[PDB]
């Protein structure tokens, strides 16, 4: 159900943000084995998050909820942008490009913080 999906999507956002900030902490403390573990978890979580977002968008479309289709489209743009920085952040971690990885962590986390207040919008729209 659409509201049940949204209940699940709503919890993903703050967990994902937590993991990113933990990844920065682990990186700044030089704990690369932990950074890699966080990245793996984030890879699974982010996959599920984006799958849920896509499923909710198609469901809202079925129901003719034009208001929810638009809010969900904005969330998918932000998530696509995050996915691209994520790919680049992974590449930088593997090359050991510390400045690129740090600069990409800041910008991913600033995108993560900006998703959260938009998410409340989708709640009332469904």
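Positions refer to the first chain, counted from 1.
When 55-63 is weighed against 80-88, 55-63 comes out higher, by mean CA B-factor as recorded in the entry. Comparing 67-75 with 92-100, the stretch with the higher mean C-alpha B-factor in the PDB entry is 67-75. Residue 14: CA B factor lies in the middle third for its chain, per the PDB record. Remark: residue 29 belongs to the highest third of its chain, ranked by C-alpha B-factor as recorded. Sorting the modelled residues of the chain by their CA temperature factor places residue 22 in the middle third. When the modelled residues of the chain are ordered by C-alpha B-factor, residue 109 sits in the middle third.
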